[PDB]
Amino acid sequence: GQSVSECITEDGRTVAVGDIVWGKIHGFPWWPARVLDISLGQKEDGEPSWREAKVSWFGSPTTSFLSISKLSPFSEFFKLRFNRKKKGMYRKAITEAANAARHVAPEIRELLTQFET
(Lines give C-alpha, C1' and ligand atoms only; values in the text may rest on other atoms or scores of the structure.)
Protein backbone atom coordinates (compact mmCIF):
# COMPACT_ATOMS: atom_id res chain seq x y z
CA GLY A 1 0.00 0.00 0.00
CA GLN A 2 0.69 3.72 0.02
CA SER A 3 1.18 5.61 3.30
CA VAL A 4 -1.14 8.50 4.08
CA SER A 5 -1.54 10.87 7.07
CA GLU A 6 -5.23 10.21 7.68
CA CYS A 7 -8.23 8.19 6.60
CA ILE A 8 -11.91 7.77 7.44
CA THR A 9 -13.01 4.97 9.74
CA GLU A 10 -16.04 2.70 9.24
CA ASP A 11 -18.08 4.97 11.57
CA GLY A 12 -17.21 7.99 9.33
CA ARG A 13 -14.68 9.75 11.58
CA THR A 14 -11.27 10.99 10.52
CA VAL A 15 -8.31 9.16 12.08
CA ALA A 16 -4.86 10.72 11.65
CA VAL A 17 -1.30 9.87 12.59
CA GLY A 18 -0.91 10.74 16.29
CA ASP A 19 -4.56 10.07 17.11
CA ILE A 20 -5.75 7.85 19.95
CA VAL A 21 -7.90 4.84 18.94
CA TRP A 22 -9.36 1.62 20.26
CA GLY A 23 -7.74 -1.37 18.54
CA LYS A 24 -8.71 -5.01 18.39
CA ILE A 25 -6.52 -8.13 18.28
CA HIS A 26 -7.32 -11.73 19.07
CA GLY A 27 -7.21 -12.70 22.71
CA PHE A 28 -7.46 -9.16 24.09
CA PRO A 29 -10.28 -6.75 24.74
CA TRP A 30 -10.48 -3.56 22.66
CA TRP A 31 -7.37 -1.65 23.80
CA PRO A 32 -6.20 1.94 23.48
CA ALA A 33 -3.43 2.79 21.01
CA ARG A 34 -1.65 5.65 19.27
CA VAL A 35 -1.64 5.75 15.44
CA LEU A 36 1.92 5.80 14.00
CA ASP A 37 1.18 5.31 10.28
CA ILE A 38 -1.70 4.57 7.91
CA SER A 39 -1.37 2.54 4.70
CA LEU A 40 -3.93 2.23 1.85
CA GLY A 41 -4.02 -0.52 -0.75
CA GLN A 42 -3.35 0.56 -4.37
CA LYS A 43 -4.61 -0.91 -7.64
CA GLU A 44 -1.53 -3.09 -8.52
CA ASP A 45 -1.53 -4.74 -5.04
CA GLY A 46 -2.76 -8.27 -4.35
CA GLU A 47 -5.52 -6.73 -2.23
CA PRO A 48 -6.15 -3.13 -3.38
CA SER A 49 -8.99 -2.59 -0.88
CA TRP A 50 -7.02 -3.42 2.24
CA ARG A 51 -6.24 -0.56 4.57
CA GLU A 52 -4.35 -0.61 7.82
CA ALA A 53 -2.64 1.38 10.53
CA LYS A 54 0.49 0.80 12.53
CA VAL A 55 -0.33 1.49 16.17
CA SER A 56 1.50 1.67 19.50
CA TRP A 57 -0.58 0.25 22.35
CA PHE A 58 -0.84 2.23 25.58
CA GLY A 59 0.29 0.50 28.77
CA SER A 60 2.24 -1.86 26.55
CA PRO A 61 5.60 -2.35 24.81
CA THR A 62 4.04 -3.64 21.57
CA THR A 63 3.40 -2.12 18.12
CA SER A 64 0.91 -3.76 15.74
CA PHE A 65 -0.64 -3.47 12.32
CA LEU A 66 -4.44 -3.22 12.41
CA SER A 67 -6.91 -3.25 9.56
CA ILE A 68 -8.81 0.08 9.74
CA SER A 69 -11.82 -2.16 10.39
CA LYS A 70 -10.12 -3.24 13.68
CA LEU A 71 -9.83 0.25 15.10
CA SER A 72 -12.23 3.03 16.13
CA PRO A 73 -11.91 6.56 17.49
CA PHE A 74 -11.19 6.59 21.20
CA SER A 75 -13.63 9.18 22.53
CA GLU A 76 -16.66 8.29 20.52
CA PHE A 77 -16.36 4.59 21.35
CA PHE A 78 -15.18 5.01 24.96
CA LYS A 79 -18.42 4.25 26.83
CA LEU A 80 -19.00 1.29 24.55
CA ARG A 81 -15.50 -0.19 24.72
CA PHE A 82 -14.19 0.70 28.21
CA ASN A 83 -14.31 -2.41 30.42
CA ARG A 84 -15.25 -1.25 33.89
CA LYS A 85 -14.02 -4.47 35.61
CA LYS A 86 -10.54 -5.10 34.26
CA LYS A 87 -7.51 -4.33 36.38
CA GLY A 88 -3.79 -3.99 36.01
CA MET A 89 -2.12 -3.09 32.73
CA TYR A 90 -5.46 -2.58 31.00
CA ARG A 91 -6.61 0.12 33.47
CA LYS A 92 -3.21 1.78 33.36
CA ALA A 93 -3.51 1.99 29.56
CA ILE A 94 -6.99 3.50 29.83
CA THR A 95 -5.65 6.14 32.24
CA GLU A 96 -2.73 6.98 29.92
CA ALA A 97 -4.96 7.21 26.87
CA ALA A 98 -7.58 9.37 28.60
CA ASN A 99 -4.86 11.70 29.81
CA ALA A 100 -3.34 11.90 26.34
CA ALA A 101 -6.79 12.68 24.90
CA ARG A 102 -7.82 15.24 27.50
CA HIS A 103 -7.34 18.38 25.40
CA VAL A 104 -9.56 17.30 22.46
CA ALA A 105 -11.79 14.91 24.39
CA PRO A 106 -11.96 16.24 27.97
CA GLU A 107 -15.21 14.30 28.43
CA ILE A 108 -13.30 11.03 28.71
CA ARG A 109 -11.01 12.01 31.58
CA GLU A 110 -14.15 13.60 33.06
CA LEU A 111 -16.02 10.29 32.92
CA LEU A 112 -13.03 8.33 34.28
CA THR A 113 -12.69 10.72 37.23
CA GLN A 114 -16.43 10.28 38.05
CA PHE A 115 -16.11 6.49 37.73
CA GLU A 116 -13.09 6.08 39.98
CA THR A 117 -13.60 4.96 43.58
# chains A, B, ... in the order shown; residues from 1 in each chain; ligands from 1
$ closest_atom_pairs --of "region 1-50 of chain A" --to "region 72-92 of chain A" --cutoff "12 Å" --atoms "only C-alpha atoms" --output "Markdown table"
| residue | atom | partner | partner_atom | distance |
| --- | --- | --- | --- | --- |
| A:7 | CA | A:72 | CA | 11.6 |
| A:8 | CA | A:72 | CA | 9.9 |
| A:9 | CA | A:72 | CA | 6.7 |
| A:10 | CA | A:72 | CA | 7.9 |
| A:11 | CA | A:72 | CA | 7.7 |
| A:12 | CA | A:72 | CA | 9.8 |
| A:13 | CA | A:73 | CA | 7.3 |
| A:14 | CA | A:73 | CA | 8.3 |
| A:15 | CA | A:73 | CA | 7.0 |
| A:16 | CA | A:73 | CA | 10.1 |
| A:18 | CA | A:73 | CA | 11.8 |
| A:19 | CA | A:73 | CA | 8.2 |
| A:20 | CA | A:74 | CA | 5.7 |
| A:21 | CA | A:74 | CA | 4.4 |
| A:22 | CA | A:72 | CA | 5.2 |
| A:23 | CA | A:72 | CA | 6.7 |
| A:24 | CA | A:72 | CA | 9.1 |
| A:28 | CA | A:90 | CA | 9.8 |
| A:29 | CA | A:83 | CA | 8.2 |
| A:30 | CA | A:81 | CA | 6.4 |
| A:31 | CA | A:90 | CA | 7.5 |
| A:32 | CA | A:74 | CA | 7.2 |
| A:33 | CA | A:74 | CA | 8.6 |
| A:34 | CA | A:74 | CA | 9.8 |
| A:35 | CA | A:73 | CA | 10.5 |
$ select_by_dssp --residues "region 17-93 of chain A" --states "helix (DSSP H, G or I)" --output "ChimeraX atom specification"
/A:68-70,78-81,89-93
$ atom_distance --atom1 "CA of residue 113 (chain A)" --atom2 "CA of residue 99 (chain A)"
10.8 Å
$ select_by_dssp --residues "chain A" --states "strand (DSSP E or B)" --output "PyMOL selection string"
chain A and resi 2-4+6-8+14-16+20-23+31-40+51-57+63-67+71-73
$ write_last_selection --atoms "N, CA, C and O atoms" --output "short mmCIF file (atom, residue, chain, number, x, y, z; two decimals), in the first residue's frame"
data_model
loop_
_atom_site.label_atom_id
_atom_site.label_comp_id
_atom_site.auth_asym_id
_atom_site.auth_seq_id
_atom_site.Cartn_x
_atom_site.Cartn_y
_atom_site.Cartn_z
N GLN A 2 0.09 2.40 -0.01
CA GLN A 2 0.69 3.72 0.02
C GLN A 2 0.39 4.35 1.38
O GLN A 2 -0.76 4.33 1.80
N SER A 3 1.40 4.94 2.02
CA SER A 3 1.18 5.61 3.30
C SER A 3 0.44 6.91 3.09
O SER A 3 0.61 7.58 2.05
N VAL A 4 -0.40 7.26 4.07
CA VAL A 4 -1.14 8.50 4.08
C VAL A 4 -1.14 9.01 5.53
O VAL A 4 -0.77 8.28 6.46
N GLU A 6 -3.94 10.38 7.05
CA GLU A 6 -5.23 10.21 7.68
C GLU A 6 -6.12 9.37 6.80
O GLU A 6 -5.86 9.22 5.59
N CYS A 7 -7.19 8.87 7.39
CA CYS A 7 -8.23 8.19 6.60
C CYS A 7 -9.55 8.27 7.37
O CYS A 7 -9.63 8.87 8.44
N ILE A 8 -10.60 7.70 6.80
CA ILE A 8 -11.91 7.77 7.44
C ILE A 8 -12.26 6.38 7.90
O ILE A 8 -12.17 5.42 7.12
N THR A 14 -12.65 10.92 10.99
CA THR A 14 -11.27 10.99 10.52
C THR A 14 -10.33 10.47 11.60
O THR A 14 -10.44 10.89 12.75
N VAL A 15 -9.40 9.60 11.21
CA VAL A 15 -8.31 9.16 12.08
C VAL A 15 -7.00 9.58 11.42
O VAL A 15 -6.79 9.29 10.25
N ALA A 16 -6.13 10.24 12.17
CA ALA A 16 -4.86 10.72 11.65
C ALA A 16 -3.70 10.19 12.46
O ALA A 16 -3.87 9.75 13.61
N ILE A 20 -5.51 8.90 18.98
CA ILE A 20 -5.75 7.85 19.95
C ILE A 20 -6.98 7.05 19.49
O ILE A 20 -8.03 7.65 19.12
N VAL A 21 -6.86 5.73 19.46
CA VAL A 21 -7.90 4.84 18.94
C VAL A 21 -8.07 3.64 19.87
O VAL A 21 -7.18 3.35 20.69
N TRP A 22 -9.20 2.97 19.75
CA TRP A 22 -9.36 1.62 20.26
C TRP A 22 -8.93 0.68 19.15
O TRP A 22 -9.30 0.87 18.00
N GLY A 23 -8.22 -0.38 19.52
CA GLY A 23 -7.74 -1.37 18.54
C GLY A 23 -8.07 -2.76 19.01
O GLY A 23 -8.01 -3.03 20.22
N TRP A 31 -8.47 -2.23 23.01
CA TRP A 31 -7.37 -1.65 23.80
C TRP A 31 -6.88 -0.34 23.21
O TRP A 31 -6.78 -0.21 21.99
N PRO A 32 -6.61 0.66 24.06
CA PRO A 32 -6.20 1.94 23.48
C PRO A 32 -4.82 1.95 22.83
O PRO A 32 -3.90 1.31 23.33
N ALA A 33 -4.70 2.70 21.73
CA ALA A 33 -3.43 2.79 21.01
C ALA A 33 -3.26 4.16 20.37
O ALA A 33 -4.21 4.92 20.18
N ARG A 34 -2.02 4.45 20.02
CA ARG A 34 -1.65 5.65 19.27
C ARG A 34 -1.32 5.30 17.82
O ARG A 34 -0.54 4.40 17.56
N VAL A 35 -1.87 6.04 16.86
CA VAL A 35 -1.64 5.75 15.44
C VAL A 35 -0.27 6.30 15.01
O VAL A 35 0.01 7.47 15.22
N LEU A 36 0.58 5.43 14.46
CA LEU A 36 1.92 5.80 14.00
C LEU A 36 1.99 5.99 12.48
O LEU A 36 2.79 6.80 11.98
N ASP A 37 1.20 5.21 11.73
CA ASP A 37 1.18 5.31 10.28
C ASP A 37 -0.12 4.70 9.77
O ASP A 37 -0.74 3.90 10.47
N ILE A 38 -0.50 5.07 8.56
CA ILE A 38 -1.70 4.57 7.91
C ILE A 38 -1.31 4.20 6.49
O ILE A 38 -0.63 4.98 5.82
N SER A 39 -1.71 3.02 6.04
CA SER A 39 -1.37 2.54 4.70
C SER A 39 -2.61 2.07 3.95
O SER A 39 -3.40 1.30 4.49
N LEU A 40 -2.78 2.57 2.71
CA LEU A 40 -3.93 2.23 1.85
C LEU A 40 -3.55 1.37 0.67
O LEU A 40 -2.57 1.64 -0.02
N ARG A 51 -6.82 -1.74 3.95
CA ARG A 51 -6.24 -0.56 4.57
C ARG A 51 -5.91 -0.85 6.03
O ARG A 51 -6.62 -1.60 6.72
N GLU A 52 -4.84 -0.25 6.50
CA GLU A 52 -4.35 -0.61 7.82
C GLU A 52 -3.64 0.55 8.46
O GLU A 52 -3.31 1.56 7.80
N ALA A 53 -3.43 0.42 9.76
CA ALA A 53 -2.64 1.38 10.53
C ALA A 53 -1.65 0.67 11.42
O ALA A 53 -1.94 -0.39 11.95
N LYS A 54 -0.48 1.26 11.58
CA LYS A 54 0.49 0.80 12.53
C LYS A 54 0.21 1.57 13.79
O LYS A 54 0.11 2.79 13.75
N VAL A 55 0.06 0.87 14.91
CA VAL A 55 -0.33 1.49 16.17
C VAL A 55 0.60 1.04 17.29
O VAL A 55 1.11 -0.07 17.26
N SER A 56 0.77 1.93 18.27
CA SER A 56 1.50 1.67 19.50
C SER A 56 0.50 1.57 20.64
O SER A 56 -0.18 2.55 20.95
N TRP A 57 0.41 0.43 21.29
CA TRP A 57 -0.58 0.25 22.35
C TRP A 57 -0.15 1.00 23.62
O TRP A 57 1.01 1.00 24.00
N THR A 63 3.95 -2.83 19.28
CA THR A 63 3.40 -2.12 18.12
C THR A 63 2.81 -3.15 17.14
O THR A 63 3.40 -4.19 16.89
N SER A 64 1.64 -2.83 16.60
CA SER A 64 0.91 -3.76 15.74
C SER A 64 0.39 -3.09 14.50
O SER A 64 0.25 -1.88 14.44
N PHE A 65 0.05 -3.91 13.51
CA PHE A 65 -0.64 -3.47 12.32
C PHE A 65 -2.10 -3.92 12.39
O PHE A 65 -2.40 -5.13 12.47
N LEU A 66 -3.00 -2.96 12.35
CA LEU A 66 -4.44 -3.22 12.41
C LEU A 66 -5.12 -2.82 11.13
O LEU A 66 -4.92 -1.71 10.65
N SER A 67 -5.97 -3.68 10.59
CA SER A 67 -6.91 -3.25 9.56
C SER A 67 -7.65 -2.04 10.12
O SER A 67 -7.92 -2.02 11.33
N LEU A 71 -9.99 -0.87 14.18
CA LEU A 71 -9.83 0.25 15.10
C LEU A 71 -11.06 1.16 15.06
O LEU A 71 -11.88 1.06 14.15
N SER A 72 -11.17 2.00 16.08
CA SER A 72 -12.23 3.03 16.13
C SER A 72 -11.74 4.23 16.92
O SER A 72 -10.84 4.12 17.73
N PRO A 73 -12.34 5.40 16.69
CA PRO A 73 -11.91 6.56 17.49
C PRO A 73 -12.15 6.38 18.99
O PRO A 73 -13.17 5.85 19.42
#
$ atom_distance --atom1 "CA of residue 93 (chain A)" --atom2 "CA of residue 116 (chain A)"
14.7 Å
$ decode --residues "region 82-93 of chain A" --atoms "N, CA, C and O atoms" --output "CSV table (one decimal), in the first residue's frame"
chain,number,residue,atom,x,y,z
A,82,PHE,N,-14.9,0.7,26.9
A,82,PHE,CA,-14.2,0.7,28.2
A,82,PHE,C,-14.8,-0.4,29.1
A,82,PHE,O,-16.0,-0.4,29.4
A,83,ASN,N,-13.9,-1.3,29.5
A,83,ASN,CA,-14.3,-2.4,30.4
A,83,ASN,C,-14.1,-1.9,31.8
A,83,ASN,O,-13.0,-1.7,32.2
A,84,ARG,N,-15.2,-1.9,32.6
A,84,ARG,CA,-15.2,-1.3,33.9
A,84,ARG,C,-14.7,-2.2,35.0
A,84,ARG,O,-14.5,-1.8,36.1
A,85,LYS,N,-14.4,-3.5,34.6
A,85,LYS,CA,-14.0,-4.5,35.6
A,85,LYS,C,-12.5,-4.8,35.6
A,85,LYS,O,-12.0,-5.1,36.6
A,86,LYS,N,-11.9,-4.6,34.4
A,86,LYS,CA,-10.5,-5.1,34.3
A,86,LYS,C,-9.6,-4.3,35.1
A,86,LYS,O,-9.8,-3.1,35.3
A,87,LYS,N,-8.5,-4.9,35.5
A,87,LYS,CA,-7.5,-4.3,36.4
A,87,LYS,C,-6.2,-4.3,35.7
A,87,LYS,O,-6.1,-4.6,34.5
A,88,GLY,N,-5.2,-3.9,36.4
A,88,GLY,CA,-3.8,-4.0,36.0
A,88,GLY,C,-3.4,-3.1,34.8
A,88,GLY,O,-3.9,-2.0,34.7
A,89,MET,N,-2.6,-3.7,33.9
A,89,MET,CA,-2.1,-3.1,32.7
A,89,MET,C,-3.2,-2.4,31.9
A,89,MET,O,-3.1,-1.3,31.4
A,90,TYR,N,-4.3,-3.1,31.8
A,90,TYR,CA,-5.5,-2.6,31.0
A,90,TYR,C,-5.9,-1.2,31.6
A,90,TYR,O,-6.0,-0.2,30.8
A,91,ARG,N,-6.1,-1.1,32.9
A,91,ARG,CA,-6.6,0.1,33.5
A,91,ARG,C,-5.6,1.2,33.4
A,91,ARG,O,-5.9,2.4,33.2
A,92,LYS,N,-4.3,0.8,33.5
A,92,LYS,CA,-3.2,1.8,33.4
A,92,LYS,C,-3.2,2.4,31.9
A,92,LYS,O,-3.0,3.6,31.8
A,93,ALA,N,-3.4,1.5,30.9
A,93,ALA,CA,-3.5,2.0,29.6
A,93,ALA,C,-4.7,3.0,29.4
A,93,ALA,O,-4.5,4.0,28.7
